[PDB]
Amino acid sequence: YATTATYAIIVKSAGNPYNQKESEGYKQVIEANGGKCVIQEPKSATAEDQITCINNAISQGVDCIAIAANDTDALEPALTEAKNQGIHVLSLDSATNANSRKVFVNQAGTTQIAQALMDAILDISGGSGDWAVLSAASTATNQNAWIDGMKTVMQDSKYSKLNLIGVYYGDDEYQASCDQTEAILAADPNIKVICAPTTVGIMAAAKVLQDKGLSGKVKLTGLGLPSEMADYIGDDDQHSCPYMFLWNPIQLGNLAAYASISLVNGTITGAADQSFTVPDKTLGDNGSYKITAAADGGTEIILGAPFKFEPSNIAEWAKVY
(Lines of atoms letter the chains of each structure in order from A and count residues from 1; the text may use other names and numbers.)
(Lines give C-alpha, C1' and ligand atoms only; values in the text may rest on other atoms or scores of the structure.)
Protein backbone atom coordinates (compact mmCIF):
# COMPACT_ATOMS: atom_id res chain seq x y z
CA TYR A 1 0.00 0.00 0.00
CA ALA A 2 2.95 2.39 -0.15
CA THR A 3 1.97 5.40 -2.27
CA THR A 4 3.24 8.87 -3.03
CA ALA A 5 0.12 10.00 -4.86
CA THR A 6 -2.36 12.73 -4.02
CA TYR A 7 -5.92 11.77 -3.11
CA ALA A 8 -8.92 14.14 -2.90
CA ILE A 9 -11.91 13.16 -0.81
CA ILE A 10 -15.03 15.18 -1.46
CA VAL A 11 -17.64 14.51 1.18
CA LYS A 12 -21.32 15.44 0.80
CA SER A 13 -21.17 18.64 2.84
CA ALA A 14 -19.76 20.84 5.58
CA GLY A 15 -21.26 20.98 9.04
CA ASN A 16 -21.81 17.22 9.40
CA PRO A 17 -19.75 15.27 11.94
CA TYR A 18 -20.39 12.00 10.10
CA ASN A 19 -18.61 13.43 7.06
CA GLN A 20 -15.69 14.62 9.17
CA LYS A 21 -15.20 11.14 10.63
CA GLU A 22 -15.33 9.67 7.13
CA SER A 23 -12.74 12.11 5.84
CA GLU A 24 -10.55 11.56 8.95
CA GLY A 25 -10.45 7.82 8.31
CA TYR A 26 -9.65 8.39 4.64
CA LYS A 27 -6.86 10.87 5.38
CA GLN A 28 -5.41 8.67 8.12
CA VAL A 29 -4.83 5.72 5.79
CA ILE A 30 -3.67 7.79 2.82
CA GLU A 31 -1.09 9.63 4.93
CA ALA A 32 0.03 6.54 6.85
CA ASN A 33 1.03 5.01 3.55
CA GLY A 34 2.85 8.06 2.22
CA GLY A 35 0.22 9.82 0.14
CA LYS A 36 -1.15 13.33 0.36
CA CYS A 37 -4.81 13.81 1.20
CA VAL A 38 -6.89 16.86 0.36
CA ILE A 39 -10.33 17.06 1.99
CA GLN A 40 -13.13 19.19 0.62
CA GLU A 41 -16.45 19.94 2.27
CA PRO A 42 -19.10 21.35 -0.10
CA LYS A 43 -20.87 24.40 1.37
CA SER A 44 -24.19 22.60 1.04
CA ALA A 45 -25.25 19.05 0.16
CA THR A 46 -25.96 19.89 -3.47
CA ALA A 47 -24.59 18.86 -6.85
CA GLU A 48 -23.66 22.46 -7.69
CA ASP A 49 -21.40 22.91 -4.65
CA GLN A 50 -19.80 19.53 -5.28
CA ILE A 51 -18.97 20.26 -8.88
CA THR A 52 -17.03 23.29 -7.68
CA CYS A 53 -14.99 20.93 -5.46
CA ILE A 54 -14.44 18.41 -8.25
CA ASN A 55 -13.19 21.19 -10.44
CA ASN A 56 -10.82 22.36 -7.69
CA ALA A 57 -9.45 18.83 -7.33
CA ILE A 58 -8.83 18.55 -11.07
CA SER A 59 -7.15 21.97 -11.03
CA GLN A 60 -4.81 20.79 -8.27
CA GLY A 61 -3.78 17.83 -10.42
CA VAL A 62 -4.69 15.13 -7.92
CA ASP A 63 -4.26 11.46 -8.81
CA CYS A 64 -7.49 10.15 -7.30
CA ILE A 65 -10.90 11.51 -6.32
CA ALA A 66 -13.11 9.73 -3.79
CA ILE A 67 -16.59 11.22 -3.75
CA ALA A 68 -19.79 10.89 -1.71
CA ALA A 69 -22.34 12.00 -4.27
CA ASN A 70 -25.01 14.61 -3.67
CA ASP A 71 -26.68 13.57 -6.92
CA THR A 72 -26.39 10.33 -8.81
CA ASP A 73 -26.08 11.83 -12.30
CA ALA A 74 -25.29 15.57 -12.14
CA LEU A 75 -21.62 14.98 -11.31
CA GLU A 76 -21.01 12.88 -14.40
CA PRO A 77 -19.59 15.58 -16.67
CA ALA A 78 -17.08 16.86 -14.11
CA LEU A 79 -16.07 13.35 -13.05
CA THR A 80 -15.73 12.27 -16.66
CA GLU A 81 -13.45 15.29 -17.21
CA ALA A 82 -11.43 14.09 -14.21
CA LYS A 83 -11.19 10.66 -15.79
CA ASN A 84 -10.14 12.24 -19.10
CA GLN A 85 -7.23 13.90 -17.23
CA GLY A 86 -6.12 10.49 -15.94
CA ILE A 87 -7.69 10.79 -12.49
CA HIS A 88 -8.98 7.64 -10.79
CA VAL A 89 -12.53 8.20 -9.58
CA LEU A 90 -13.89 6.19 -6.65
CA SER A 91 -17.17 6.78 -4.83
CA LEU A 92 -18.06 6.15 -1.17
CA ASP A 93 -21.04 6.62 1.20
CA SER A 94 -23.34 7.86 -1.56
CA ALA A 95 -22.84 6.54 -5.08
CA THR A 96 -22.22 8.43 -8.27
CA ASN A 97 -23.67 6.54 -11.20
CA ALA A 98 -21.82 3.55 -12.74
CA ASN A 99 -20.40 5.62 -15.61
CA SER A 100 -18.89 8.14 -13.21
CA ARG A 101 -16.69 5.81 -11.13
CA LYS A 102 -14.45 2.75 -11.13
CA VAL A 103 -16.05 1.37 -7.94
CA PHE A 104 -18.40 2.29 -5.06
CA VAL A 105 -17.48 1.72 -1.43
CA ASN A 106 -20.75 0.99 0.38
CA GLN A 107 -21.06 1.12 4.19
CA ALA A 108 -23.48 -1.81 4.21
CA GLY A 109 -25.73 -3.71 1.85
CA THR A 110 -28.51 -1.36 0.70
CA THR A 111 -31.03 -4.10 1.45
CA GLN A 112 -29.55 -4.77 4.86
CA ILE A 113 -30.13 -1.15 5.89
CA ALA A 114 -33.68 -1.14 4.49
CA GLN A 115 -34.57 -4.40 6.19
CA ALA A 116 -33.13 -3.32 9.55
CA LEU A 117 -35.11 -0.10 9.40
CA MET A 118 -38.40 -1.70 8.37
CA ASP A 119 -38.11 -4.28 11.15
CA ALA A 120 -37.31 -1.46 13.57
CA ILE A 121 -40.40 0.47 12.53
CA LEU A 122 -42.56 -2.64 12.82
CA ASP A 123 -41.22 -3.34 16.32
CA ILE A 124 -41.20 0.18 17.69
CA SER A 125 -44.68 1.04 16.33
CA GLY A 126 -46.15 -1.99 18.08
CA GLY A 127 -46.97 -3.57 14.73
CA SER A 128 -49.25 -0.97 13.13
CA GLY A 129 -49.65 2.72 12.51
CA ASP A 130 -48.47 5.69 10.53
CA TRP A 131 -44.82 6.47 10.00
CA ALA A 132 -42.77 8.94 8.00
CA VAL A 133 -39.29 9.28 6.53
CA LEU A 134 -37.15 12.31 7.30
CA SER A 135 -34.47 12.09 4.64
CA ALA A 136 -31.48 14.24 3.71
CA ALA A 137 -31.22 15.88 0.25
CA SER A 138 -33.89 14.70 -2.19
CA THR A 139 -31.10 13.96 -4.69
CA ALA A 140 -28.84 11.98 -2.34
CA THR A 141 -28.14 8.61 -3.85
CA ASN A 142 -27.77 6.75 -0.59
CA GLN A 143 -30.95 7.92 1.14
CA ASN A 144 -32.85 7.43 -2.07
CA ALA A 145 -31.54 3.84 -2.32
CA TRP A 146 -32.42 3.10 1.30
CA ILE A 147 -35.87 4.61 0.87
CA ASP A 148 -36.46 2.62 -2.30
CA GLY A 149 -35.24 -0.43 -0.42
CA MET A 150 -37.67 0.24 2.43
CA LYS A 151 -40.54 0.63 0.00
CA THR A 152 -39.70 -2.73 -1.54
CA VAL A 153 -39.29 -4.47 1.83
CA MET A 154 -42.50 -3.00 3.21
CA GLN A 155 -44.63 -4.81 0.59
CA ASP A 156 -44.23 -7.96 2.67
CA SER A 157 -47.49 -8.94 4.38
CA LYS A 158 -45.80 -8.64 7.80
CA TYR A 159 -45.80 -4.84 7.35
CA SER A 160 -49.36 -4.57 6.07
CA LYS A 161 -50.70 -2.60 9.08
CA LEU A 162 -48.01 0.08 8.77
CA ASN A 163 -48.71 3.15 6.66
CA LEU A 164 -45.93 5.29 5.20
CA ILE A 165 -47.30 8.84 5.05
CA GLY A 166 -44.47 10.15 2.93
CA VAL A 167 -40.92 11.35 2.60
CA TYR A 168 -39.70 14.70 3.92
CA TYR A 169 -36.31 16.28 3.13
CA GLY A 170 -34.06 17.89 5.73
CA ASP A 171 -31.08 18.34 3.36
CA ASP A 172 -28.53 17.13 5.90
CA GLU A 173 -28.97 20.48 7.66
CA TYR A 174 -29.84 20.80 11.34
CA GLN A 175 -32.34 23.66 11.08
CA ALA A 176 -34.08 22.34 7.97
CA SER A 177 -34.31 18.92 9.60
CA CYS A 178 -35.85 20.40 12.77
CA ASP A 179 -38.33 22.34 10.65
CA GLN A 180 -39.30 19.23 8.66
CA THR A 181 -39.77 17.25 11.88
CA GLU A 182 -42.29 19.91 12.99
CA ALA A 183 -43.92 19.64 9.55
CA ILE A 184 -44.22 15.86 9.91
CA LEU A 185 -45.86 16.28 13.33
CA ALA A 186 -48.30 18.93 12.06
CA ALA A 187 -49.27 16.81 9.05
CA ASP A 188 -49.94 13.71 11.12
CA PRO A 189 -50.01 14.20 14.90
CA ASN A 190 -50.96 10.50 15.30
CA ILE A 191 -47.71 9.38 13.74
CA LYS A 192 -46.11 6.49 15.62
CA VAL A 193 -42.56 6.46 14.23
CA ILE A 194 -40.23 8.82 12.41
CA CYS A 195 -37.52 7.02 10.46
CA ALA A 196 -34.59 9.35 9.78
CA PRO A 197 -31.91 7.62 7.62
CA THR A 198 -29.48 10.52 8.02
CA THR A 199 -27.24 11.26 10.98
CA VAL A 200 -28.14 14.95 10.84
CA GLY A 201 -31.86 14.34 10.47
CA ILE A 202 -32.14 11.82 13.27
CA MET A 203 -30.42 14.01 15.83
CA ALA A 204 -32.48 17.02 14.76
CA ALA A 205 -35.71 15.03 15.04
CA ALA A 206 -34.61 13.77 18.46
CA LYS A 207 -34.08 17.33 19.64
CA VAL A 208 -37.52 18.39 18.41
CA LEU A 209 -39.31 15.39 19.97
CA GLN A 210 -37.54 16.05 23.28
CA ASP A 211 -38.34 19.77 23.23
CA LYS A 212 -42.02 19.06 22.49
CA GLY A 213 -42.32 16.45 25.21
CA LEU A 214 -43.27 13.74 22.70
CA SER A 215 -40.68 11.03 23.45
CA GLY A 216 -43.28 8.80 25.04
CA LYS A 217 -45.71 9.09 22.09
CA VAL A 218 -43.69 9.43 18.89
CA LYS A 219 -40.73 7.16 18.55
CA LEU A 220 -37.67 7.65 16.41
CA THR A 221 -35.27 5.38 14.56
CA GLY A 222 -32.89 5.68 11.63
CA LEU A 223 -29.19 6.05 10.91
CA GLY A 224 -27.32 8.05 13.53
CA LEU A 225 -23.99 8.71 15.25
CA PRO A 226 -23.73 7.08 18.68
CA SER A 227 -21.95 10.24 19.95
CA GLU A 228 -24.93 12.45 19.01
CA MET A 229 -27.76 10.06 19.85
CA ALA A 230 -26.52 8.64 23.17
CA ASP A 231 -28.73 10.83 25.37
CA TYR A 232 -31.84 10.13 23.25
CA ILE A 233 -31.60 6.38 23.29
CA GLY A 234 -33.64 4.46 25.83
CA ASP A 235 -36.47 1.96 26.16
CA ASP A 236 -38.84 4.10 28.23
CA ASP A 237 -41.24 7.04 27.98
CA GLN A 238 -38.49 9.61 28.34
CA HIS A 239 -36.41 8.68 25.27
CA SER A 240 -37.67 8.83 21.71
CA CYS A 241 -35.23 6.32 20.21
CA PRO A 242 -35.28 2.70 21.39
CA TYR A 243 -32.51 1.85 18.94
CA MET A 244 -31.00 2.83 15.63
CA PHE A 245 -28.29 1.66 13.22
CA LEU A 246 -25.08 2.74 11.60
CA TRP A 247 -21.58 1.46 10.76
CA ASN A 248 -18.12 2.88 11.41
CA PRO A 249 -17.67 6.01 9.28
CA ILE A 250 -13.96 6.12 10.07
CA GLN A 251 -13.53 2.59 8.74
CA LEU A 252 -15.68 3.49 5.72
CA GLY A 253 -13.09 6.17 5.09
CA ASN A 254 -10.25 3.74 5.81
CA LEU A 255 -11.54 1.18 3.30
CA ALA A 256 -12.18 3.80 0.64
CA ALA A 257 -8.57 4.91 1.12
CA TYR A 258 -7.21 1.36 0.77
CA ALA A 259 -9.30 0.91 -2.37
CA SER A 260 -8.16 4.27 -3.73
CA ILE A 261 -4.50 3.32 -3.24
CA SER A 262 -5.25 -0.02 -4.91
CA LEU A 263 -6.66 1.75 -7.97
CA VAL A 264 -3.65 4.09 -8.16
CA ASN A 265 -1.15 1.25 -7.74
CA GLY A 266 -3.10 -0.90 -10.21
CA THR A 267 -3.73 -3.75 -7.75
CA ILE A 268 -7.43 -3.49 -8.66
CA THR A 269 -9.33 -1.74 -11.43
CA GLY A 270 -12.83 -1.88 -9.94
CA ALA A 271 -13.98 -4.88 -11.95
CA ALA A 272 -16.25 -7.46 -10.35
CA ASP A 273 -14.60 -10.53 -8.81
CA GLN A 274 -11.34 -8.76 -8.04
CA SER A 275 -10.03 -9.10 -4.51
CA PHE A 276 -7.71 -7.17 -2.27
CA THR A 277 -6.49 -7.57 1.28
CA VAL A 278 -5.93 -4.51 3.43
CA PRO A 279 -3.38 -4.34 6.31
CA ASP A 280 -6.31 -3.98 8.65
CA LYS A 281 -7.52 -7.52 9.38
CA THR A 282 -10.64 -6.33 11.22
CA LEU A 283 -12.12 -5.25 7.89
CA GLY A 284 -13.65 -7.82 5.54
CA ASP A 285 -12.68 -11.47 5.75
CA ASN A 286 -9.43 -11.14 7.70
CA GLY A 287 -8.66 -8.00 5.69
CA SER A 288 -9.98 -9.49 2.46
CA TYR A 289 -12.67 -7.96 0.23
CA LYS A 290 -14.20 -8.92 -3.10
CA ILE A 291 -15.68 -6.49 -5.61
CA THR A 292 -19.24 -7.41 -6.47
CA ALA A 293 -21.75 -6.39 -9.12
CA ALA A 294 -23.94 -3.55 -7.86
CA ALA A 295 -27.66 -3.04 -8.46
CA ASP A 296 -27.00 0.28 -10.22
CA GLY A 297 -25.02 -1.58 -12.90
CA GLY A 298 -21.65 -0.63 -11.50
CA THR A 299 -19.51 -2.44 -8.99
CA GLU A 300 -19.15 -2.03 -5.27
CA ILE A 301 -17.21 -3.10 -2.20
CA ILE A 302 -19.35 -3.58 0.91
CA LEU A 303 -17.69 -2.52 4.17
CA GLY A 304 -19.72 -4.67 6.54
CA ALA A 305 -23.20 -5.27 7.95
CA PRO A 306 -25.21 -2.57 9.64
CA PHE A 307 -24.68 -2.35 13.40
CA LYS A 308 -27.51 -1.90 15.88
CA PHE A 309 -27.02 0.73 18.61
CA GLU A 310 -29.32 0.23 21.56
CA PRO A 311 -29.36 0.85 25.32
CA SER A 312 -27.21 -2.21 25.99
CA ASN A 313 -24.26 -0.88 23.91
CA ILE A 314 -24.76 2.81 23.14
CA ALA A 315 -22.51 4.44 25.74
CA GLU A 316 -19.33 2.53 24.83
CA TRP A 317 -19.73 3.36 21.13
CA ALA A 318 -20.52 7.03 21.76
CA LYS A 319 -16.82 7.56 22.42
CA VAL A 320 -15.83 6.03 19.07
CA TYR A 321 -17.96 8.08 16.65
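Heads up: residue numbers just count along the shown sequence, starting at 1.
With 264-272 and 47-55 compared on mean CA B-factor from the PDB entry, the stretch scoring higher is 264-272. Taking the mean C-alpha B-factor of each stretch as recorded, 69-77 and 155-163 are not equal, and the higher mean is that of 69-77. If you compare the C-alpha temperature factors of 239, 207, 88, 192 in the entry, 88 comes out highest.
When the modelled residues of the chain are ordered by their C-alpha B factor, residue 315 lands in the middle third. Split the chain's modelled residues into thirds by C-alpha temperature factor. Residue 122 is in the middle one. In the PDB entry, residue 101 places in the highest third of its chain by CA B-factor. Per the PDB record, residue ranking by Cα B-factor puts residue 303 in the middle third of the chain.
Per the deposited record, the Cα B-factor of residue 84 falls in the highest third when ranked against the other modelled residues of its chain.
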